Amino acid sequence: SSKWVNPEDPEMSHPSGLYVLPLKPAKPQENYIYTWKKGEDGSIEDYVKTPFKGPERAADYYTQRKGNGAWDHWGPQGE
Amino acid sequence: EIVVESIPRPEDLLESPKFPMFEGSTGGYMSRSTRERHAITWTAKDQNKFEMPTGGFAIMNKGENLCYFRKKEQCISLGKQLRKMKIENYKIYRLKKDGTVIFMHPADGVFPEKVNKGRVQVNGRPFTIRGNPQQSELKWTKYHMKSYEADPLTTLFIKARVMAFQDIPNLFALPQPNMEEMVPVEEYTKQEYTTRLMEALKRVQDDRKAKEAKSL
Amino acid sequence: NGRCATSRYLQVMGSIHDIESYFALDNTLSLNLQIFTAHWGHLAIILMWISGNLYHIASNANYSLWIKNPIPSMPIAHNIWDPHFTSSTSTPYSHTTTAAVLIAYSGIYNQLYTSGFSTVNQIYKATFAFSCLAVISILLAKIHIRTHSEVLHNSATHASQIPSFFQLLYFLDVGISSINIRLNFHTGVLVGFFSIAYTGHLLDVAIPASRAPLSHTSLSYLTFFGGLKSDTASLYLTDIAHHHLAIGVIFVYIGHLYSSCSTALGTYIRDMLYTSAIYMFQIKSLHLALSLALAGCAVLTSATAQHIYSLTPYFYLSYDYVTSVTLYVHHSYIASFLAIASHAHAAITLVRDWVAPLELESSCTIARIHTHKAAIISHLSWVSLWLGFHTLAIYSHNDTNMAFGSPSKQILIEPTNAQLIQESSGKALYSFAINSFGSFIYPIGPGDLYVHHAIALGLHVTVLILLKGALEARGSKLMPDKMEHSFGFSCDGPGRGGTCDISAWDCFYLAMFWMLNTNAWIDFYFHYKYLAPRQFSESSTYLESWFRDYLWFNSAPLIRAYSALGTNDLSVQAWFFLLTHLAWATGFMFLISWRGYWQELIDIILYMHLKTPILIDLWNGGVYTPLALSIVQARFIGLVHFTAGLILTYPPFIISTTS
Amino acid sequence: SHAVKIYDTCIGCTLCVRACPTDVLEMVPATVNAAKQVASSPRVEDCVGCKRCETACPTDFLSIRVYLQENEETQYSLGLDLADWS
Amino acid sequence: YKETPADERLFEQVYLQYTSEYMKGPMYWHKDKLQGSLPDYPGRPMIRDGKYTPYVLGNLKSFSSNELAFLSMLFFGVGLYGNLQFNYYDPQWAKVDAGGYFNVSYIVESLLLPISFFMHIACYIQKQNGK
Amino acid sequence: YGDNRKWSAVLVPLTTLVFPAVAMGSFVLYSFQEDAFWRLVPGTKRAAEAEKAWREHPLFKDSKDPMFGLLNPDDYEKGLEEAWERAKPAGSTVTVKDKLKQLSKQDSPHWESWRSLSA
Amino acid sequence: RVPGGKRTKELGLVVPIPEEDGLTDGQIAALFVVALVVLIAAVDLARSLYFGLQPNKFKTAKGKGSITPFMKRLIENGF
Ligand code: CLA
Ligand code: CLA
Ligand code: CLA
Ligand code: CLA
Ligand code: CLA
Ligand code: CLA
Ligand SMILES: CCCCCCCCCCCCCCCCCC(=O)OC[C@H](CO[C@@H]1O[C@H](CO)[C@H](O)[C@H](O)[C@H]1O)OC(=O)CCCCCCCCCCCCCCCCC
Ligand SMILES: CC1=C(C#C/C(C)=C/C=C/C(C)=C/C=C/C=C(C)/C=C/C=C(C)/C=C/[C@@]23O[C@]2(C)C[C@@H](O)CC3(C)C)C(C)(C)C[C@H](O)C1
Ligand SMILES: CC1=C(/C=C/C(C)=C/C=C/C(C)=C/C=C/C=C(C)/C=C/C=C(C)/C=C/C2=C(C)CCCC2(C)C)C(C)(C)CCC1
Ligand SMILES: CC1=C(C/C=C(\C)CCC[C@H](C)CCC[C@H](C)CCCC(C)C)C(=O)c2ccccc2C1=O
Ligand code: SF4
């Protein structure tokens with residue numbers, strides 16, 4: 001009764017072991033970093049989440065990670 | 001039938017009525033270095049003092065409460081404590097970096113300890129624990145060093161092989177190949193070649209019988 | 001795999017040479033070829049080590065001067081070029097205007113001198129030739145890789161018409177995995193013919209070099225005198241040549257036993273094993289072959305350790321007070337390591353190689369042993385308990401009586417059996433003489449008896465631990481399903497009462513401590529009897545003599561090496577005495593404190609790093625996220641620290657006391 | 001990740017499921033035993049390897065086995081908190 | 001119809017027995033079934049019915065039990081004579097030390113004693129086999 | 001004597017300070033490669049390619065099958081059906097082919113899930 | 001030397017030092033040339049060990065592979 005379908009082997013269950021498909025957000029969160037934001041009137045904030053165009057660290061190790069699963073092994077249903 | 005809650009990203013949900021009244025500590029998730037989160041949402045009839053898995057204590061709001069953590073372990077421990085307090089409506093979600101919400105703990109809406117229809121055994125083995133095949137028997141195969149993952153048919157086949165190979169006196173020794181008769185792959189029927197191989201094997205067996213009967 | 005922690009390096013380094021565990025090592029063909037190439041590289045390393053020793057003797061050392069006056073002179077190992085040394089004044093290792101030098105305690109000088117080296121030019125030619133041999137070894141590795149690749153290509157390109165072409169899958173590594181031909185050629189050429197060749201070398205080079213007057217090589221160079229020539233205090237070279245001739249002839253004869261190149265001659269090892277008492281085993285098992293080779297090498301290393309000291313084979317080697325002790329201790333330690341290695345690889349064979357029959361079937365030696373492993377272990381435990389109880393109790397009785405001041409009250413059991421064997425050997429040797437052997441017969445007393453029983457205790461307990469590990473590797477009453485798990489795994493959880501040190505690798509870890517203890521006992525016995533034969537004979541019956549007359553008394557020169565008064569040539573030994581003490585103590589940390597505490601501490605340190613202002617914006621911690629060492633990793637690291645400290649703190653002591 | 005396997009000796013007492021710290025296990029209908037249920041391990045990716053299921057298993061030898069795989073360690077099986085591999 | 005655990009065990013037993021016979025047969029090829037592995041070399045079965053075959057004697061399988069017995073006895077006598085003469089009743093150590101050569105007869109003779117031993121085990125094997 | 005120390009002045013540093021530092025830096029650089037330790041770290045493209053090459057080779061194309069070795073699978077199956085027919089309990093609907101398929105199939109979706117990284 | 005050994009001081013054992021170094025610069029250079037050859041060969045061997053066997057070679061490599069007659073005889077003989 002699990003909606004998840006195993007991509008590698010349809011007969012077996014999905015590696016996730018879940019029964020409800022994921023819910024996508026209205027707009028996916030964009031990459032950001034916590035930095036200061038000088039207030040233009042002498043003030044300054046400490047942890048201000050500000051957009052970041054690309055990966056904070058462009059190493060192949062960092063960028064290869066998609067978060068779909070432990071090894072990104074979940075099918076398209078993971079997203 | 002199960003509906004997945006919105007569960008906005010913690011960075012977006014700075015202040016919410018759902019969050020319980022808790023002291024705060026340095027045991028919370030590191031926001032600078034991690035992005036994956038786990039949200040636990042439950043409903044409480046009264047404000048019961050409870051201990052946060054991350055440091056200090058907390059007070060749950062009468063109504064809907066939502067908490068954020070870094071690990072499913074923390075979420076599950078909090079859920080166990082809530083169950084001890086008789087709060088059975090709690091749900092756990094995994095929040096990816098991009099906001100995708102995956103409903104995790106009551107995977108099908110029924111607690112795992114309670115049996116539910118539509119559940120099929122996973123990682124189940126049809127024999128006693130010692131029924132697994134010998135690790136040395138399946139070497140240089142799919143299960144080179146994982147005898148606890150061999151299929152039941154493979155286990156049965158390997159067991160039968162080890163029983164078969166005890167009877168040393170009558171075991172067919174594989175004929176030594178004639179390396180002279182080698183030709184290029186480019187240079188018939190599969191059944192016909194099998195039949196020819198069988199004629200060759202019978203000839204080998206007859207020759208072996210004659211050779212052994214010569215002096216015996 | 002980008003997702004990794006700092007445990008990645010340790011996990012890899014723990015199995016870098018575990019070729020069987022390699023990913024994408026599909027078949028025994030790949031395994032055997034990789035092992036063969038590794039063997040070639042190892043031979044290259046050995047030859048480079050020999051070449052380096054020879055080069056440093058030739059260049060940095062004083063071989064030519066030493067051979068003129070070997071008795072009082074001391075060989076030089078190599079120069080010291082260390083900027084950290086004092087520059088204002090001369091160091092203890094210099095002649096106040098000369099390069100610093102180290103004395104050599106390896107006996108390589110005696111080896112070369114009795115081999116027939118007379119000039120540094122010969123040593124240089126040898127350095128050159130052994131470097132060329134290393135080149136040849138590496139090139140042979142490359143050649144064999146290419147040849148095996150060419151056979152796979154051929155098998156791919158050509159196919160037998162019948163469907164049995166897949167049978168060729170088994171014979172691709174025949175050259176590396178064939179046993180009959182390998183045995184024949186090893187025992188005939190690599191051993192017997194090598195001995196005959198060395199006899200030829202002796203007759204041509206060593207005998208004329210030793211003998212001042214020229215004499216043509218003849219049967220007069222082959223003799224059967226015995227004992228040590230008085231002048232060199234070593235075995236007659238003429239006897240060594242006959243010895244090697246005889247052994248070479250015998251083994252050349254034995255090297256025709258098996259069928260190697262043709263099936264018309266020789267017998268089969270499968271057939272011998274099948275018809276012999278030992279039913280049969282996985283002779284193909286590389287781990288089993290390694291275990292047998294290691295056991296043989298261990299026994300031979302022990303034999304050489306004892307016999308080089310007993311019967312001096314090298315010129316003036318006995319005169320070198322330090323070199324004798326160093327050689328004995330070195331080869332004793334190597335032998336102990338090889339023995340425990342054979343045991344560990346037998347355990348690994350059982351874990352992942354042996355094909356056990358069904359339970360009730362008892363046809364092979366291994367199955368028969370597994371039937372009564374419980375009896376074996378119980379009896380070994382009984383013997384160990386008896387030996388320990390009685391040795392320690394007699395020693396403590398003597399200790400208390402000596403402390404109260406009554407030596408007459410000591411229990412002193414005369415070694416009657418050993419004395420009878422020694423007297424029979426002496427009778428045989430005296431008959432031969434009527435028709436000298438130094439250190440082959442020693443006084444032997446009750447102290448010797450007690451020390452021998454202590455060493456027997458050590459051996460029995462080491463074998464107990466190793467046998468228990470081997471025979472419980474596949475399964476155990478506590479962990480019946482131990483075959484599925486790897487050779488070395490952390491634990492099985494705190495359930496079932498707790499399962500620390502439950503793996504066969506954990507039994508090896510435990511037996512390593514014992515090996516070190518029993519080897520320390522052996523070395524202490526040899527060193528004490530060597531330094532003070534009379535004091536050892538009179539006082540070695542109680543442990544306070546060992547603690548006072550051996551350690552505390554002889555520790556003075558080493559600790560006094562460098563002080564506020566000054567330094568001498570043993571200052572380096574004194575600094576390595578303390579460095580190794582520190583290494584041992586560090587190993588205690590990994591052995592005692594286990595992983596959870598250190599993981600939580602690492603978590604706190606990681607929190608601090610991620611909270612630091614500058615460092616957080618550069619280092620996320622995602623890649624190679626720091627972690628505490630795994631349970632097995634820490635066990636191994638603590639064992640390595642313990643072993644390094646224990647082993648390396650002794651040579652400084654022996655050098656200080658015997659120099 | 002670790003390998004959590006269940007064998008038919010299982011009697012369906014649910015103690016493993018109740019002892020699971022990260023909810024890796026769940027009871028499923030079965031006919032092999034009298035309880036008519038057997039523990040399963042669908043979410044083995046979350047298994048940390050604490051062997052609390054193994055501790056709580058009653059059977060003479062365990063009907064649930066956790067095989068540790070240190071080479072295939074993931075962040076979920078390592079319980080990583082300060083660092084994120086996702 | 002429901003397939004009960006007893007039925008599954010019956011299927012397992014029949015499969016085990018039949019397929020074990022098949023693996024023993026020539027239809028199944030495994031690395032353990034090569035020459036030099038478990039199975040006996042073709043045409044040279046060493047052990048049959050739990051009894052050593054003449055092939056265990058190698059090239060002596062064609063020798064009759066009577067002549068094997070005679071050879072073993074003769075070799076034992078000659079080798080024992082040579083050993084005793086060399087060791088006790090005609091020692092050669094003194095002569096060799098003086099400089100003379102050994103009595104070549106004794107050295108070659110003494111090797112016959114172990115040869116005599118193995119020739120008796122071969123004689124027994126041949127006799128026990130009806131030859 | 002000792003005039004060869006000019007060699008040492010260049011070699012001892014170059015061998016014990018420069019070479020080790022270069023090796024350590026190179027090792028750190030190598031650790032971050034796609035295939036750092038492909039023969040001991042699971043889920044590497046190089047390891048997957050090597051396995052696929054072995055599979056491509058004719059001799060080893062199906063050497064990883066635990067059941068490999070049956071010269072005549074059809075005859076083996078026919079004999080197994082005959083045996084099951086003789087040993088069949090009365091009113092048994094279990095067929096040899098169906099039973100073999102069921103036993104071959106299992107539910108272990110978490111075995112070597114790292115294969116996805118490589119492919 | 002400043003000896004620190006009791007036996008050395010008692011018996012007057014000495015570490016004689018030559019007047020001239022044993023080997024000359026040319027000899028050391030020749031030994032270093034041989035060592036360099038060893039190093040090049042060793043780097044090649046390490047690369048070969050790292051990369052292992054290449055079964056794909058039959059697809060593109062020149063030639064058709066070859067087995068020595070002695071190797072064929074060994075294969076026919078068996079183990
Ligand atoms: C600050 C302390 C210090 C330092 C830094 C050194 C440094 C040195 N001493 Mg030492 N020395 C010291 C104190 C110190 N000493 C003291 C207090 C004494 C007593 C007075 C001495 C007495 C002494 C003597 C008598 C000699 C030295 C020598 C040397 C040199 C060794 C060169 C060599 O071959 O290295 C090579 C190092 C090794 C083979 C050991 C490596 C061990 C580690 C654990 C690595 C193991 C390998 C592993 C696989 C890792 C590889 C990683 C790599 C690839 C990156 C070096 C310049 C020797 C010399 O002059 O050589 C020319 C020498 O003969 N020293
Ligand atoms: C870690 C391992 C180890 C180490 C470091 C040592 C260290 C030592 N051993 Mg050795 N040894 C070991 C293991 C080890 N051993 C083992 C396991 C055994 C048992 C088999 C022995 C048995 C042994 C003996 C019996 C002796 C030593 C000796 C020595 C000393 C070396 C002398 C030397 O190199 O002369 C320099 C070498 C030469 C001048 C010539 C070497 C000749 C060989 C045959 C070279 C190789 C041949 C080459 C490949 C041929 C080319 C091919 C062609 C023929 C076709 C030194 C204390 C000797 C000793 O104590 O001396 C005082 C000694 O007599 N060892
Ligand atoms: C990649 C790493 C690596 C490295 C560096 C080595 C290095 C070595 N391996 Mg190899 N090996 C490896 C991986 C590796 N191995 C792997 C993964 C396996 C699979 C398990 C093996 C399996 C293996 C086996 C089976 C053997 C080796 C051996 C050797 C040696 C090669 C030849 C040599 O120079 O011997 C130099 C050795 C000598 C000069 C000493 C010769 C004397 C021998 C060792 C003892 C003979 C005793 C005899 C049988 C009985 C005497 C009886 C008497 C007492 C009456 C060397 C120590 C051989 C060896 O010597 O093992 C101890 C060996 O037999 N290896
Ligand atoms: C001599 C033995 C020994 C040593 C060296 C240490 C060392 C340490 N222990 Mg202790 N420990 C020991 C035994 C030892 N332990 C034992 C037997 C146990 C079991 C009971 C423990 C149990 C234990 C615990 C439970 C804890 C410690 C802690 C510590 C750390 C203290 C803080 C620190 O690092 O400052 C001092 C560090 C040193 C003195 C190390 C040597 C530094 C030298 C002098 C300088 C290095 C020079 C140079 C850079 C070297 C380069 C070499 C390279 C080129 C080859 C330190 C790593 C605590 C910790 O980690 O706190 C942060 C901690 O929590 N230990
Ligand atoms: C250890 C004891 C032993 C045993 C029980 C056997 C048993 C057997 N061997 Mg033999 N064999 C041995 C040792 C042994 N061998 C040795 C040491 C060698 C190496 C020389 C051989 C080499 C060998 C070969 C090449 C062959 C056999 C074969 C046989 C079979 C026939 C024997 C026969 O006819 O003997 C009766 C014959 C004799 C007594 C004459 C032997 C004369 C030669 C010169 C050898 C004697 C050497 C001597 C013992 C050592 C001299 C030492 C020196 C100091 C003088 C039989 C299975 C044959 C077979 O059928 O194999 C399948 C075969 O082809 N063996
Ligand atoms: C394995 C043998 C060996 C060993 C242990 C040593 C040890 C030493 N040599 Mg070297 N040396 C060797 C062979 C060896 N040598 C050979 C064959 C030659 C002739 C070319 C030389 C020529 C030489 C000179 C001219 C000098 C030294 C010196 C030294 C010292 C510092 C290191 C150095 O400068 O190296 C420099 C030497 C080389 C780079 C040549 C190659 C050395 C060997 C073959 C490397 C073997 C590597 C090993 C197998 C694996 C390493 C793995 C690594 C990744 C951890 C030290 C005592 C110095 C000295 O005496 O200081 C007081 C010095 O001036 N050596
Ligand atoms: C100097 C003279 C005196 C000292 C002599 C040396 C010390 C004594 C030797 C140590 C005693 C044990 C020896 C046995 C070795 C094999 C054991 C083993 O593999 O198990 C070690 C085990 C293997 O690892 C385990 O394997 C299991 C499978 O069997 C499982 O997978 C486990 O999860 C896994 O942890 O544990 C480790 O991984 C240990 C971590 C190793 C970390 C080392 C990294 C740093 C290396 C620096 C030093 C250079 C190395 C090269 C040396 C150069 C020499 C020319
Ligand atoms: C290229 C070309 C052509 C050409 C050409 C010609 C004429 C080329 C000529 C090339 C020439 C004439 C090249 C000499 C080299 C000498 C060397 C390398 C000497 C090294 C010597 C060494 C390395 C010795 C070293 C040492 O041993 C010494 C001596 C002392 C010892 O202590 C140790 C050391 C190690 C120090 C053709 C044929 C005309 C047409 C074609 O179409 C293209
Ligand atoms: C003199 C001269 C010259 C040259 C010089 C040089 C440049 C040198 C160099 C030198 C060097 C720079 C050397 C080095 C060496 C090294 C070595 C010799 C090593 C080796 C190694 C080995 C043998 C081993 C290895 C291994 C390992 C360790 C691991 C694994 C893998 C292997 C096995 C491979 C010239 C020509 C210009 C001119 C003339 C003169
Ligand atoms: C001290 C200690 C630690 C902590 C020690 C750790 C994590 C290792 C400390 C690191 C040392 C100092 C080496 C690091 C040196 C450089 C960072 C090397 C980097 C080079 C790489 C490319 C290999 C444990 O984790 C542990 C676990 C289980 C039992 C005992 C212990 C234990 O005693
Ligand atoms: S974690 Fe440590 S203490 Fe706990 S059972 Fe495992 S080995 Fe024993």
# chains A, B, ... in the order shown; residues from 1 in each chain; ligands from 1
call {"tool": "residues_near_ligand", "arguments": {"ligand": "ligand 9", "cutoff": "10 Å", "atoms": "only C-alpha atoms and all ligand atoms", "output": "JSON list (two decimals) with C-alpha atoms, in the first residue's frame"}}
result
[["chain", "number", "residue", "atom", "x", "y", "z"],
["C", 17, "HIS", "CA", 46.72, -4.21, 1.25],
["C", 37, "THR", "CA", 53.02, -7.78, -8.56],
["C", 38, "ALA", "CA", 53.07, -6.78, -4.89],
["C", 39, "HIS", "CA", 55.57, -9.58, -4.25],
["C", 40, "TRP", "CA", 57.82, -8.25, -7.00],
["C", 41, "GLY", "CA", 57.66, -4.75, -5.53],
["C", 42, "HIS", "CA", 58.47, -6.19, -2.12],
["C", 43, "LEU", "CA", 61.55, -7.94, -3.50],
["C", 44, "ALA", "CA", 62.58, -4.62, -5.04],
["C", 45, "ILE", "CA", 62.23, -2.95, -1.63],
["C", 46, "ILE", "CA", 64.35, -5.65, 0.01],
["C", 47, "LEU", "CA", 67.06, -5.29, -2.62],
["C", 48, "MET", "CA", 67.07, -1.51, -2.20],
["C", 49, "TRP", "CA", 67.42, -1.99, 1.56],
["C", 51, "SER", "CA", 71.91, -1.76, -1.46],
["C", 52, "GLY", "CA", 71.44, 1.11, 0.98],
["C", 131, "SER", "CA", 70.32, -1.77, -7.24],
["C", 134, "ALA", "CA", 65.88, -4.11, -7.81],
["C", 135, "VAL", "CA", 65.45, -2.71, -11.32],
["C", 137, "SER", "CA", 62.54, -7.14, -10.03],
["C", 138, "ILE", "CA", 60.35, -4.17, -10.95],
["C", 141, "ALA", "CA", 56.62, -7.31, -12.27],
["F", 11, "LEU", "CA", 69.49, 15.33, 0.31],
["F", 14, "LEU", "CA", 65.07, 17.49, 0.15],
["F", 15, "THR", "CA", 64.14, 14.01, 1.39],
["G", 25, "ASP", "CA", 81.52, 11.99, -6.09],
["G", 26, "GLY", "CA", 81.52, 10.07, -9.36],
["G", 27, "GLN", "CA", 80.76, 6.79, -7.60],
["G", 28, "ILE", "CA", 77.92, 8.39, -5.64],
["G", 29, "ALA", "CA", 76.61, 9.87, -8.90],
["G", 30, "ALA", "CA", 76.61, 6.46, -10.58],
["G", 31, "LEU", "CA", 74.75, 4.93, -7.65],
["G", 32, "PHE", "CA", 72.24, 7.78, -7.81],
["G", 33, "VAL", "CA", 71.73, 7.18, -11.54],
["G", 34, "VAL", "CA", 70.91, 3.54, -10.81],
["G", 35, "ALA", "CA", 68.60, 4.67, -7.99],
["G", 36, "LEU", "CA", 66.86, 7.05, -10.40],
["G", 37, "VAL", "CA", 66.26, 4.20, -12.84],
["G", 38, "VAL", "CA", 64.83, 2.21, -9.93],
["G", 39, "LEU", "CA", 62.59, 5.14, -8.99],
["G", 40, "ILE", "CA", 61.20, 5.56, -12.51],
["G", 41, "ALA", "CA", 60.50, 1.83, -12.77],
["G", 42, "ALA", "CA", 58.92, 1.88, -9.30],
["G", 43, "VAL", "CA", 56.60, 4.76, -10.19],
["G", 44, "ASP", "CA", 55.51, 2.85, -13.28],
["G", 45, "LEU", "CA", 54.93, -0.27, -11.16],
["G", 46, "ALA", "CA", 52.91, 1.71, -8.61],
["G", 47, "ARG", "CA", 50.72, 3.08, -11.40],
["G", 48, "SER", "CA", 50.19, -0.43, -12.78],
["G", 49, "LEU", "CA", 49.30, -1.75, -9.32],
["G", 50, "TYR", "CA", 46.90, 1.14, -8.72]]
call {"tool": "residues_around", "arguments": {"residues": "residue 70 of chain F", "least_positions_apart": "5", "cutoff": "9 Å", "atoms": "only C-alpha atoms", "output": "list in words"}}
result
residues 23, 27, 28, 29 and 30 of chain E; 76 of chain F
call {"tool": "atom_distance", "arguments": {"atom1": "atom CA of residue 374 of chain C", "atom2": "atom CA of residue 291 of chain C"}}
result
22.7 Å
call {"tool": "residues_near_ligand", "arguments": {"ligand": "ligand 2", "cutoff": "8 Å", "atoms": "only C-alpha atoms and all ligand atoms", "output": "PyMOL selection string"}}
result
chain C and resi 43+47+50+53-54+106-112+115+130+133+194+297-298+300-302+304-305+308+313-314+317+323+326-327+330-331+334-335+338
call {"tool": "residues_near_ligand", "arguments": {"ligand": "ligand 5", "cutoff": "6 Å", "atoms": "only C-alpha atoms and all ligand atoms", "output": "PyMOL selection string"}}
result
(chain C and resi 250+253-257+265-267) or (chain E and resi 56-60+115+118)
call {"tool": "write_last_selection", "arguments": {"atoms": "C-alpha atoms", "output": "mmCIF file, in the first residue's frame"}}
result
data_model
loop_
_atom_site.group_PDB
_atom_site.id
_atom_site.type_symbol
_atom_site.label_atom_id
_atom_site.label_comp_id
_atom_site.auth_asym_id
_atom_site.auth_seq_id
_atom_site.Cartn_x
_atom_site.Cartn_y
_atom_site.Cartn_z
ATOM 1 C CA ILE C 250 69.420 -33.401 -0.283
ATOM 2 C CA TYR C 253 66.942 -34.680 -4.656
ATOM 3 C CA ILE C 254 63.694 -33.821 -2.870
ATOM 4 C CA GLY C 255 62.827 -31.326 -5.621
ATOM 5 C CA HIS C 256 61.876 -34.107 -8.045
ATOM 6 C CA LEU C 257 59.014 -35.271 -5.822
ATOM 7 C CA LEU C 265 56.787 -38.213 -13.530
ATOM 8 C CA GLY C 266 56.086 -37.165 -9.965
ATOM 9 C CA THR C 267 53.176 -37.377 -7.551
ATOM 10 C CA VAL E 56 47.812 -45.148 -4.337
ATOM 11 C CA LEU E 57 51.051 -47.037 -5.045
ATOM 12 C CA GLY E 58 51.630 -45.089 -8.266
ATOM 13 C CA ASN E 59 53.955 -47.086 -10.505
ATOM 14 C CA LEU E 60 53.958 -50.127 -8.188
ATOM 15 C CA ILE E 115 62.045 -47.784 1.338
ATOM 16 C CA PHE E 118 56.887 -48.008 2.446
#
call {"tool": "select_by_dssp", "arguments": {"residues": "segment 9-56 of chain D", "states": "helix (DSSP H, G or I)", "output": "PyMOL selection string"}}
result
chain D and resi 15-19+44-46+52-56
call {"tool": "write_last_selection", "arguments": {"atoms": "C-alpha atoms", "output": "JSON list (two decimals), in the first residue's frame"}}
result
[["chain", "number", "residue", "atom", "x", "y", "z"],
["D", 15, "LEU", "CA", 9.63, -5.28, 21.43],
["D", 16, "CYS", "CA", 12.14, -4.51, 18.67],
["D", 17, "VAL", "CA", 9.76, -1.97, 17.15],
["D", 18, "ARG", "CA", 9.16, -0.36, 20.53],
["D", 19, "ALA", "CA", 12.91, -0.22, 21.23],
["D", 44, "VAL", "CA", 16.91, 0.50, 7.17],
["D", 45, "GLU", "CA", 18.46, 3.72, 5.86],
["D", 46, "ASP", "CA", 17.78, 5.30, 9.28],
["D", 52, "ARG", "CA", 18.58, -2.14, 20.88],
["D", 53, "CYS", "CA", 16.24, -4.29, 18.81],
["D", 54, "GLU", "CA", 18.75, -7.10, 19.29],
["D", 55, "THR", "CA", 18.85, -6.42, 23.03],
["D", 56, "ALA", "CA", 15.05, -6.57, 23.24]]
call {"tool": "closest_residue", "arguments": {"among": "B:20, B:169, B:175, B:112", "to": "chain A", "atoms": "only C-alpha atoms"}}
result
B:112
call {"tool": "residues_around", "arguments": {"residues": "residue 3 of chain F", "least_positions_apart": "5", "cutoff": "12 Å", "atoms": "only C-alpha atoms", "output": "number ranges by chain"}}
result
C: 59-60, 79, 98-99; F: 8-9; G: 18-25
call {"tool": "residues_near_ligand", "arguments": {"ligand": "ligand 10", "cutoff": "10 Å", "atoms": "only C-alpha atoms and all ligand atoms", "output": "ChimeraX atom specification"}}
result
/C:6-10,13,586-602,624,626-638 /F:23-32
call {"tool": "interface_residues", "arguments": {"of": "chain C", "to": "chain A", "cutoff": "10 Å", "atoms": "only C-alpha atoms", "output": "PyMOL selection string"}}
result
chain C and resi 1-4+617-620+622-624
call {"tool": "residues_around", "arguments": {"residues": "residue 37 of chain E", "least_positions_apart": "4", "cutoff": "10 Å", "atoms": "only C-alpha atoms", "output": "list in words"}}
result
residues 173 and 174 of chain B; 270, 271, 280, 281, 282, 283 and 284 of chain C; 31, 32, 33 and 41 of chain E; 79 of chain G
call {"tool": "residues_near_ligand", "arguments": {"ligand": "ligand 1", "cutoff": "10 Å", "atoms": "only C-alpha atoms and all ligand atoms", "output": "NGL selection string"}}
result
(:C and (77-86 or 91-93 or 100-102 or 561-562 or 567-576 or 579)) or (:F and (5 or 8-9 or 11-13 or 15-27))
call {"tool": "residues_around", "arguments": {"residues": "residue 11 of chain G", "least_positions_apart": "3", "cutoff": "12 Å", "atoms": "only C-alpha atoms", "output": "list in words"}}
result
residues 71, 72, 73, 319, 321 and 659 of chain C; 3, 5, 6, 7, 8 and 14 of chain G
call {"tool": "residues_around", "arguments": {"residues": "segment 349-353 of chain C", "least_positions_apart": "2", "cutoff": "12 Å", "atoms": "only C-alpha atoms", "output": "ChimeraX atom specification"}}
result
/B:133-140,144-147 /C:20-21,281-292,342-347,355-356,366-367,369-370,467,469-475,481-488,503-505
